[PDB]
Amino acid sequence: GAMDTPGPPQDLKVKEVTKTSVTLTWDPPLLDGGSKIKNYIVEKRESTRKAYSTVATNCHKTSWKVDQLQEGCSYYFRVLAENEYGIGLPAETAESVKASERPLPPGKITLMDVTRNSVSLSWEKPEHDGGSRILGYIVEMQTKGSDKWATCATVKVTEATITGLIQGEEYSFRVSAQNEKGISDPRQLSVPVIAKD
């Protein structure tokens with residue numbers, strides 16, 4: 001049949017993303033051009049650059065982890081199959097991917113006020129945002145006796161007052177930071193709080 005370089009890799013996608021790396025996965029071309037695919041070539045393009053940079057020339061599996069990326073920058077990726085006639089058609093990712101990840105947790109939670117029906121909390125911003133700006137915080141509460149944590153506030157500022165508490169009941173609180181990539185581990189307030197006064 002046809003004698004040619006190979007068709008494009010199929011279903012190229014980004015499997016995982018961190019502030020320093022992206023893992024790619026794909027499937028073999030539907031057409032090899034009549035000669036065995038010897039290897040794949042993997043390339044990256046920081047989105048402001050006109051030229052790709054080659055990351056691997058002898059990739060022998062349908063996956064590759066591209067590392068040493070620059071935090072906060074966005075990238076396109078390209079994979080080509082190669083046979084004895086040379087380099088095949090490119091598969092390129094449809095959208096750019098930003099090298100960033102979910103943030104670190106907020107700083108230590110500080111208990112600011114307690115009354116018979118409320119608790120006020122304050123915290124510092126995360127030590128690092130993972131490369132994507134903090135969008136806000138999720139406060140969760142646990143009531144004595146419960147096997148669950150429940151969201152009790154979603155705020156953009158670094159403080160929250162939780163109202164509607166029962167006098168004499170004991171509550172625990174934790175806070176997580178969120179950005180466009182995900183949500184940090186929660187940081188729990190160091191001690192439970194009895195609603196009183």
# chains A, B, ... in the order shown; residues from 1 in each chain; ligands from 1
>>> residues_around(residues="residue A:45", least_positions_apart="5", cutoff="9 Å", atoms="only C-alpha atoms", output="NGL selection string")
:A and (50-54 or 74-78)
>>> write_last_selection(atoms="C-alpha atoms", output="PDB file, in the first residue's frame")
ATOM      1  CA  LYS A  50       7.972  30.640  18.020  1.00  0.00           C
ATOM      2  CA  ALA A  51      10.037  27.459  18.004  1.00  0.00           C
ATOM      3  CA  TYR A  52       9.608  24.113  19.706  1.00  0.00           C
ATOM      4  CA  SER A  53      12.409  22.608  21.767  1.00  0.00           C
ATOM      5  CA  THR A  54      13.060  18.883  21.545  1.00  0.00           C
ATOM      6  CA  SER A  74       2.047  27.694  29.694  1.00  0.00           C
ATOM      7  CA  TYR A  75       3.118  25.106  27.158  1.00  0.00           C
ATOM      8  CA  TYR A  76       2.051  23.263  24.045  1.00  0.00           C
ATOM      9  CA  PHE A  77       3.440  19.774  23.458  1.00  0.00           C
ATOM     10  CA  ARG A  78       4.035  17.831  20.256  1.00  0.00           C
TER      11      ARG A  78
END
>>> closest_atom_pairs(of="stretch 15-38 of chain A", to="stretch 101-104 of chain A", cutoff="9 Å", atoms="only C-alpha atoms", output="JSON lines")
{"residue": "A:17", "atom": "CA", "partner": "A:101", "partner_atom": "CA", "distance": 6.9}
{"residue": "A:18", "atom": "CA", "partner": "A:101", "partner_atom": "CA", "distance": 5.1}
{"residue": "A:19", "atom": "CA", "partner": "A:101", "partner_atom": "CA", "distance": 5.5}
>>> closest_residue(among="A:44, A:59, A:64, A:85", to="residue A:3", atoms="only C-alpha atoms")
A:85
>>> closest_residue(among="A:166, A:42, A:87, A:183", to="residue A:106", atoms="only C-alpha atoms")
A:183
>>> closest_residue(among="A:20, A:57, A:118, A:142", to="residue A:167", atoms="only C-alpha atoms")
A:118
>>> residues_around(residues="stretch 22-27 of chain A", least_positions_apart="6", cutoff="6 Å", atoms="only C-alpha atoms", output="list in words")
residues 9, 10, 11, 12, 13, 14, 15, 16, 62, 63, 64, 65 and 66 of chain A
>>> write_last_selection(atoms="N, CA and C atoms", output="PDB file, in the first residue's frame")
ATOM      1  N   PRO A   9       0.367  10.585  16.036  1.00  0.00           N
ATOM      2  CA  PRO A   9      -0.061   9.834  17.218  1.00  0.00           C
ATOM      3  C   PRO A   9      -1.522  10.157  17.532  1.00  0.00           C
ATOM      4  N   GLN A  10      -2.219   9.230  18.185  1.00  0.00           N
ATOM      5  CA  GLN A  10      -3.649   9.382  18.440  1.00  0.00           C
ATOM      6  C   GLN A  10      -3.916   9.711  19.903  1.00  0.00           C
ATOM      7  N   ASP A  11      -4.971  10.478  20.160  1.00  0.00           N
ATOM      8  CA  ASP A  11      -5.389  10.799  21.530  1.00  0.00           C
ATOM      9  C   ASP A  11      -4.268  11.301  22.441  1.00  0.00           C
ATOM     10  N   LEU A  12      -3.395  12.155  21.912  1.00  0.00           N
ATOM     11  CA  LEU A  12      -2.393  12.820  22.739  1.00  0.00           C
ATOM     12  C   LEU A  12      -3.092  13.641  23.811  1.00  0.00           C
ATOM     13  N   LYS A  13      -2.692  13.443  25.057  1.00  0.00           N
ATOM     14  CA  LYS A  13      -3.294  14.179  26.154  1.00  0.00           C
ATOM     15  C   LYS A  13      -2.319  14.357  27.300  1.00  0.00           C
ATOM     16  N   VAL A  14      -2.633  15.321  28.149  1.00  0.00           N
ATOM     17  CA  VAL A  14      -1.834  15.624  29.308  1.00  0.00           C
ATOM     18  C   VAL A  14      -2.419  14.850  30.478  1.00  0.00           C
ATOM     19  N   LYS A  15      -1.589  14.011  31.081  1.00  0.00           N
ATOM     20  CA  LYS A  15      -2.035  13.046  32.075  1.00  0.00           C
ATOM     21  C   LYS A  15      -1.988  13.648  33.459  1.00  0.00           C
ATOM     22  N   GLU A  16      -0.973  14.467  33.697  1.00  0.00           N
ATOM     23  CA  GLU A  16      -0.720  14.983  35.023  1.00  0.00           C
ATOM     24  C   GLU A  16       0.038  16.290  34.831  1.00  0.00           C
ATOM     25  N   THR A  62       4.556   4.941  24.714  1.00  0.00           N
ATOM     26  CA  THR A  62       3.586   5.985  24.366  1.00  0.00           C
ATOM     27  C   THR A  62       3.280   6.915  25.544  1.00  0.00           C
ATOM     28  N   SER A  63       4.329   7.316  26.249  1.00  0.00           N
ATOM     29  CA  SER A  63       4.205   8.281  27.339  1.00  0.00           C
ATOM     30  C   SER A  63       5.547   8.957  27.582  1.00  0.00           C
ATOM     31  N   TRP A  64       5.518  10.136  28.186  1.00  0.00           N
ATOM     32  CA  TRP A  64       6.743  10.846  28.502  1.00  0.00           C
ATOM     33  C   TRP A  64       6.460  11.923  29.536  1.00  0.00           C
ATOM     34  N   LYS A  65       7.332  12.034  30.534  1.00  0.00           N
ATOM     35  CA  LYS A  65       7.233  13.112  31.509  1.00  0.00           C
ATOM     36  C   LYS A  65       8.176  14.238  31.113  1.00  0.00           C
ATOM     37  N   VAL A  66       7.605  15.392  30.799  1.00  0.00           N
ATOM     38  CA  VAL A  66       8.404  16.548  30.442  1.00  0.00           C
ATOM     39  C   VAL A  66       8.642  17.374  31.693  1.00  0.00           C
TER      40      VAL A  66
END
>>> select_by_dssp(residues="stretch 13-168 of chain A", states="strand (DSSP E or B)", output="ChimeraX atom specification")
/A:13-17,22-27,39-46,53-59,63-66,74-83,86-87,91-92,97-98,109-114,119-123,136-143,150-155,159-162
>>> closest_residue(among="A:60, A:98, A:36, A:116", to="residue A:162", atoms="only C-alpha atoms")
A:116
>>> residues_around(residues="residue A:33", least_positions_apart="6", cutoff="9 Å", atoms="only C-alpha atoms", output="list in words")
residues 1, 2, 3, 4, 5, 6, 7, 83, 85 and 88 of chain A
>>> write_last_selection(atoms="C-alpha atoms", output="PDB file, in the first residue's frame")
ATOM      1  CA  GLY A   1       0.000   0.000   0.000  1.00  0.00           C
ATOM      2  CA  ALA A   2       1.150   3.529   0.798  1.00  0.00           C
ATOM      3  CA  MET A   3       4.862   4.136   1.431  1.00  0.00           C
ATOM      4  CA  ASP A   4       5.293   7.177   3.663  1.00  0.00           C
ATOM      5  CA  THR A   5       6.393   8.497   7.027  1.00  0.00           C
ATOM      6  CA  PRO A   6       3.872   7.745   9.796  1.00  0.00           C
ATOM      7  CA  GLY A   7       0.499   9.298  10.580  1.00  0.00           C
ATOM      8  CA  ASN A  83       9.977   5.312  10.769  1.00  0.00           C
ATOM      9  CA  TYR A  85      11.507   7.207   5.883  1.00  0.00           C
ATOM     10  CA  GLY A  88       5.753  11.583  10.619  1.00  0.00           C
TER      11      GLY A  88
END
>>> closest_atom_pairs(of="stretch 72-182 of chain A", to="stretch 188-191 of chain A", cutoff="6 Å", atoms="only C-alpha atoms", output="Markdown table")
| residue | atom | partner | partner_atom | distance |
| --- | --- | --- | --- | --- |
| A:109 | CA | A:189 | CA | 5.2 |
| A:173 | CA | A:189 | CA | 5.6 |
| A:174 | CA | A:188 | CA | 3.9 |
>>> decode(residues="stretch 149-177 of chain A", atoms="N, CA and C atoms", output="CSV table (one decimal), in the first residue's frame")
chain,number,residue,atom,x,y,z
A,149,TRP,N,-16.7,16.3,58.3
A,149,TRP,CA,-16.3,17.7,58.3
A,149,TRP,C,-17.2,18.3,57.3
A,150,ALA,N,-17.7,19.5,57.6
A,150,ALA,CA,-18.7,20.1,56.7
A,150,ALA,C,-18.2,21.6,56.4
A,151,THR,N,-18.3,22.0,55.1
A,151,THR,CA,-18.0,23.3,54.7
A,151,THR,C,-18.9,24.3,55.5
A,152,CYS,N,-18.3,25.3,56.1
A,152,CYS,CA,-19.1,26.3,56.9
A,152,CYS,C,-18.9,27.7,56.4
A,153,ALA,N,-17.9,27.9,55.5
A,153,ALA,CA,-17.6,29.2,54.9
A,153,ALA,C,-16.8,29.1,53.7
A,154,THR,N,-17.1,30.0,52.7
A,154,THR,CA,-16.2,30.1,51.5
A,154,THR,C,-16.0,31.5,51.3
A,155,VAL,N,-14.7,32.0,51.4
A,155,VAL,CA,-14.4,33.4,51.5
A,155,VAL,C,-13.1,33.7,50.7
A,156,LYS,N,-13.0,35.0,50.2
A,156,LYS,CA,-11.9,35.4,49.5
A,156,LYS,C,-10.8,36.1,50.4
A,157,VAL,N,-11.3,36.6,51.5
A,157,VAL,CA,-10.4,37.2,52.5
A,157,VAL,C,-9.9,36.2,53.4
A,158,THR,N,-8.9,36.5,54.2
A,158,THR,CA,-8.2,35.5,55.1
A,158,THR,C,-8.7,35.5,56.5
A,159,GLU,N,-10.0,35.6,56.6
A,159,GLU,CA,-10.7,35.5,57.9
A,159,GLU,C,-12.1,35.1,57.7
A,160,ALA,N,-12.8,34.5,58.7
A,160,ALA,CA,-14.2,34.1,58.6
A,160,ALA,C,-14.8,34.1,60.0
A,161,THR,N,-16.0,34.5,60.1
A,161,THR,CA,-16.8,34.3,61.3
A,161,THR,C,-17.9,33.3,61.1
A,162,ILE,N,-17.9,32.2,61.8
A,162,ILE,CA,-18.9,31.2,61.7
A,162,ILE,C,-20.0,31.4,62.7
A,163,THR,N,-21.2,31.6,62.3
A,163,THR,CA,-22.3,31.9,63.2
A,163,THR,C,-23.2,30.7,63.3
A,164,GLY,N,-24.2,30.8,64.2
A,164,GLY,CA,-25.2,29.8,64.3
A,164,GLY,C,-24.8,28.6,65.2
A,165,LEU,N,-23.8,28.8,66.0
A,165,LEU,CA,-23.3,27.7,66.9
A,165,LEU,C,-24.2,27.6,68.1
A,166,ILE,N,-24.1,26.4,68.8
A,166,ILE,CA,-24.9,26.1,70.0
A,166,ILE,C,-24.1,26.4,71.2
A,167,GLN,N,-24.6,27.1,72.2
A,167,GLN,CA,-23.9,27.5,73.4
A,167,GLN,C,-23.5,26.2,74.1
A,168,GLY,N,-22.2,26.1,74.4
A,168,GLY,CA,-21.7,24.9,75.2
A,168,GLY,C,-21.2,23.8,74.3
A,169,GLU,N,-21.6,23.8,73.0
A,169,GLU,CA,-21.1,22.8,72.1
A,169,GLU,C,-19.7,23.0,71.7
A,170,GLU,N,-19.0,21.9,71.4
A,170,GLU,CA,-17.6,22.0,71.0
A,170,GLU,C,-17.4,21.8,69.5
A,171,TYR,N,-16.5,22.7,68.9
A,171,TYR,CA,-16.3,22.7,67.5
A,171,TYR,C,-14.9,22.7,67.1
A,172,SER,N,-14.5,22.0,66.0
A,172,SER,CA,-13.2,22.0,65.4
A,172,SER,C,-13.3,22.7,64.0
A,173,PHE,N,-12.2,23.4,63.7
A,173,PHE,CA,-12.2,24.1,62.4
A,173,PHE,C,-10.9,23.8,61.6
A,174,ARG,N,-11.0,23.9,60.3
A,174,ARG,CA,-9.8,23.8,59.4
A,174,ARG,C,-10.1,24.6,58.2
A,175,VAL,N,-9.0,25.1,57.5
A,175,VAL,CA,-9.1,25.9,56.4
A,175,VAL,C,-8.2,25.5,55.3
A,176,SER,N,-8.7,25.5,54.0
A,176,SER,CA,-8.0,25.1,52.9
A,176,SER,C,-7.9,26.3,51.9
A,177,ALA,N,-6.8,26.4,51.1
A,177,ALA,CA,-6.7,27.4,50.1
A,177,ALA,C,-7.0,26.8,48.7
